[PDB]
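Only one chain is shown below, in structure tokens, and it's the form deposited in one PDB entry.
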């Protein structure tokens, strides 16, 4: 299935899809899947295109997730092959999007096609979730598609996000979760003998010692303990006595705590120190974790039996859309090609590796459903 995958990857790479502009990538994918019996559901929002393509109508629902947008190229004269030509030189496919993530998007799509072709009455649902904006703002992409599925109680049981997850050798890492991120924007008002203890900056300092020493949880098997960072402290313009003290703090949290628990505990500490304040919360993502089980064995065993390596399961890896998908109760894992050339001049990926990815994604489906 190598050449089918490479062939699709080149069609996609030749469409310059700088976020959020899809440049027809999703439409050629749709056209193609439509002819093979997939139901095609378009979920554009503002300037972003999203696609939800399904074969089958029941649980378990296995989605392959990914994105067709790429980051900008830089000056194209720094490139050895032109970035949107999709040349193959000596078994390597060059192009912007080759590694992140048009190659593996193609691998996943071709895996899905060959499976449903060989198994037209498979149980469950094989689906593709594709956004045109993961790399930029990412407000109107996967989250919009997720919110839409959720508003009508449609399920995803399992999800494989094909971001390039491999560090040193193909297959060496699979991501099975990520810590949550929440940010507090805190504004202490009225900061100007007798009653020195009642100064709001003093009460703020007391709160801060408590906030920086509070142990939220003890982490667990899969995550270090929840960490709090003071990002910024700001009062004063650099000369005029300031009316407010601004404190910004971020928690990177694990599954032992929720955001509601963090918000209610911070509120509690502020009340306990009798502070008057305003706070604005920014939730970037809730934590997700796929524990060893069906999904993680299916991909782990797929890698071992395809390329003879045992991947390490890892949490972290920076931003994907996995954190959004996990909100609907889907179990999320991520796996794809080497990530060493992503976002750089001369981004490229092994034609051989793309083939192997195709076979790994296909074998995951066999392990999950056969």
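Positions refer to the first chain, counted from 1.
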In the entry, residues of the deposited sequence missing between residue 239 and residue 240 amount to 1 to 3
Residues of the deposited sequence that sit between residue 193 and residue 192 yet are not modelled: 4 to 9
Average Cα temperature factor in the PDB entry - higher stretch of 312-320, 49-57: 312-320
For the higher mean C-alpha B factor in the entry, choose 208-216 or 79-87. 208-216
One of 132, 298, 274, 185 has the largest Cα B-factor in the entry, namely 274
Out of 162, 95, 225, 103, whose C-alpha atom has the biggest B factor in the entry? 225
Classify residue 156 as lowest, middle or highest third according to the C-alpha B-factor given in the PDB entry, relative to its own chain. middle
Going by what the PDB entry lists, where does residue 128 fall on CA B-factor within its chain: lowest, middle or highest third? lowest
Temperature factor at the Cα of residue 266, chain-ranked in thirds, falls in the middle
Going by what the PDB entry lists, where does residue 72 fall on CA B-factor within its chain: lowest, middle or highest third? lowest
Place residue 6 in the lowest, middle or highest third of its chain's C-alpha B-factors, as listed in the PDB entry. lowest
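One more form of this protein exists, namely the form deposited in another entry; it is left out here, but the text below deals with it.
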Would you say whether residue 28 and residue 208 lie in a single rigid part, where the chain moves as two parts between this form and the one not shown? no
